[PDB]
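[1] model this:
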Amino acid sequence: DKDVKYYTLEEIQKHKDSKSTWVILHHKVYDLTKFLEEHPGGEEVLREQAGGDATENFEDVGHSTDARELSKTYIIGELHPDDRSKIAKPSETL
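    Numbering: from 1, shown residues only. The relevant structure is shown in the block below.
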């Protein structure tokens, strides 16, 4: 009973205060404003992203016992297709 709600890039970037913010993860939006105070133990959560090539080290371990990735119960919607390079030309993609 849920529908993916796409959010423009201006709305995902406008949220840059310090706590209430979201994070992209392979074409997707993660409203993790509560994740900051939901699992106190992993620092890479909403932190590992200084490079800017691909969010792969967003989370490894530190949940229950062998959780693959908590990234799933904190998503709000997906990324608008108007920004996804797949309409006129590829440019970034090849």
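
[2] For the rest of this, base every contact and every neighbour count on C-alpha atoms.
    OK.

[3] What is the end-to-end distance of stretch 59-70?
    The first residue of stretch 59-70 is 8 Å away from its last residue (CA to CA, to the nearest Å).

[4] So what's the gap between it and the chain middle?
    A distance of 16 Å separates the centroid of the chain from that of stretch 59-70, by CA atoms, centre = their mean, to the nearest Å.

[5] again with stretch 44-53
    10 Å.

[6] So what touches it?
    With CA atoms under 8 Å, 6 or more residues apart in numbering as the test, stretch 44-53 has contacts from 23, 32, 36, 55, 57, 58, 59.

[7] Swap in 6 Å and give it another go.
    Under the contact criterion CA atoms under 6 Å, 6 or more residues apart in numbering, stretch 44-53 has outside partners 58, 59.

[8] Ok, stretch 59-69 next?
    residue 45.

[9] Okay, buried residues for that stretch please.
    Residues 59, 62 are the ones in stretch 59-69 that count as buried (16 or more other CA atoms under 10 Å).

[10] Could you do stretch 77-88 as well?
    77, 78, 79.

[11] Tell me what the first one is bridged to.
    Just to be clear, that refers to residue 77. Beta-bridge partners of residue 77, counted by DSSP bridges, are residue 29.

[12] what about the helices in this protein?
    Ranges of helices in the chain, per DSSP state H, are 9-14.

[13] show me where it has strands.
    22-24, 29-31 (DSSP state E).

[14] So which other helices or strands are in contact with the first one?
    Which is strand 22-24. In terms of contacts (3 or more CA pairs under 6 Å, 6 or more residues apart in numbering; DSSP states H and E), strand 22-24 is packed against strand 29-31.

[15] What sits closest to residue 92 if chain neighbours are left out?
    Using CA to CA, 6 or more residues apart in numbering and skipping residues adjacent in sequence, the residue nearest residue 92 is residue 85, 7.2 Å away.

[16] circling back to that earlier point, put together JSON lines for the strands of the chain, with mean neighbour count and distance to residue 40 on each row.
    What follows is those, written out as JSON lines (neighbours: other CA atoms under 10 Å; distance: least, CA to CA, whole Å):
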{"stretch": "strand 22-24", "mean neighbour count": "20", "distance to residue 40": "17"}
{"stretch": "strand 29-31", "mean neighbour count": "20", "distance to residue 40": "17"}
